[PDB]
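A.B. asks: sequence, then structure. It's an experimental one.
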Amino acid sequence: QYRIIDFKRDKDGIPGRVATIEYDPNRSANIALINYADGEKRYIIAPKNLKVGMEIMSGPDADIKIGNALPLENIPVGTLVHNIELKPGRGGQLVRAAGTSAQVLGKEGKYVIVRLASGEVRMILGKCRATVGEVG
């Protein structure tokens with residue numbers, strides 16, 4: 001039932017478990033309490049189909065599953081993503097908790113090409129992070 005949503009998703013390597021999923025009218029969105037193995041607790045926007053009991057992870061080594069956050073360079077072409085970082089570190093700036101998820105279309109050099117819901121296409125630094133899944 002809480003206030004701060006983690007849009008940074010920087011607990012890399014530390015496995016978390018989806019404890020609960022609840023609707024926040026104030027945010028017109030589902031939010032999940034994640035219990036990390038180091039005892040830390042955080043809330044994130046719950047993507048479509050995320051479920052209690054599922055495991056979560058962030059970083060270069062996380063698998064490609066909804067709720068997981070990884071640098072775009074590590075995300076497979078065709079993946080739907082949200083909470084997209086524009087400059088490596090600034091955290092999610094695009095489609096953080098509402099709208100329609102973007103889709104990775106291709107990877108070239110030190111950039112990943114993404115198609116926003118509107119059809120708009122952007123090339124973004126591979127080091128920039130995104131969370132796998134669909135929102136709003």
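C.D. replies: Alright, I've got the coordinates. Numbers count the residues shown, from 1 in each chain.

A.B. asks: how close does the nearest residue to residue 136 once chain neighbours are set aside sit to residue 34?
C.D. replies: Counting by CB to CB, 6 or more residues apart in numbering, residue 136 lies nearest to residue 98, which is 4.1 Å off, once chain neighbours are set aside. Heads up, the C-betas are built off the backbone N, CA and C, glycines and all. Distance from residue 98 to residue 34, counting by CB to CB, to the nearest Å: 20 Å.

A.B. asks: check residue 69 too.
C.D. replies: Distance check for residue 69 against residue 34: by CB to CB, it reads 11 Å.

A.B. asks: on that earlier part again, give me the more crowded residue out of residue 98 and residue 34.
C.D. replies: Between residue 98 and residue 34, counting by other CB atoms under 10 Å, residue 34 is the more crowded of the two (26 against 12).

A.B. asks: show me the contacts for that one.
C.D. replies: Residues near residue 34 by CB atoms under 8 Å, 6 or more residues apart in numbering: 6, 16-19, 41-44, 56.
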